[PDB]
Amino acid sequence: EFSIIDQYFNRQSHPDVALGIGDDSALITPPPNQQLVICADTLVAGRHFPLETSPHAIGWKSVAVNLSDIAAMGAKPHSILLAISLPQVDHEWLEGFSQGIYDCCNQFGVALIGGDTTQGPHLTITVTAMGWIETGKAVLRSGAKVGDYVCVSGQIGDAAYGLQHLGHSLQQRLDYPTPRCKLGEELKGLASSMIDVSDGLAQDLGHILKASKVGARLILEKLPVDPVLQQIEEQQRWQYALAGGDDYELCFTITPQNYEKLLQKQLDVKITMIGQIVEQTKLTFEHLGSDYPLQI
């Protein structure tokens, strides 16, 4: 177990880490005039990923889903803790898994600074992520105002389709979600509210609506879906997009004025306006310019 840490999880720490792996706790010197942003998310084998998922993909997604919650605040990710409960000690598995962890960390300039390694009957992983943001400038789930656009990044429904069609190209969106870190940072001071879409667009937008004490009207034909989902029947397409989940895209609200400023930035991801915030505290849908009753 102590050898497991040294063998797989003790790459040299960044110069930006006061004390990394090796002691009872890690130490971080805060950057000035910034708040600590902190979150944790658990992945349970067979629940948050198929049992047969490659160890590298498990490692990647364990980090990615937590970076997504830092990004959903408009913050910049800094470091993570890794808590893993393992049924067995398998070198090939541990090599792939740790490679997955570090590949995702390195993509986004994040340090692995600590954690815990235990034995347990079922593979269970909890990553804690830490980031920093200019004091007072976090993008909350509250903050959405009547007249704001509702927007979402990338595509929604991919991962859900992937889960139900394993082996299909869209499985890559299930196994390797992309946390939208740079977009989150670019939305600081532009977005009036934000959440990452981890459970499903309707449910997660719903948290914003409830927190902001507003409602929204979405346009079904504007939901950004993969060409593959564009070719399946409407009803199923919209279910994948609205209740699929595991997208790890950012859903946010923004004034038309700030939206124009957003579109003028160089962004590493697609942005789509899918509706607007309204006064009535309900989530409703529009299609071809008419009300569209829809149960999700």
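Just count from 1 along the sequence shown to find any residue number.
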Mean B factor on CA atoms, stretches 47-55 and 243-251, record says higher is 47-55
Mean C-alpha B-factor comparison - 83-91 and 200-208, higher one: 83-91
Check the PDB entry and point out which of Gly114, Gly147, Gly154, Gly131 has the largest C-alpha temperature factor. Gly147
Please work out which residue in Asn106, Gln99, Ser169, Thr126 has the highest C-alpha B-factor recorded for this crystal structure. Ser169
Would you mind checking where the Cα B-factor of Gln264 ranks among the modelled residues of its chain, as the lowest, middle or highest third? highest
Entry-reported Cα temperature factor of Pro179, expressed as the chain third it lands in: lowest
Of the three thirds of the chain ranked by Cα temperature factor, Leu288 occupies the highest
Lowest, middle or highest third: which one holds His122 when the chain's residues are ordered by CA B-factor from the entry? highest
Among the modelled residues of its chain, does the C-alpha B-factor of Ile274 lie in the lowest, middle or highest third? middle
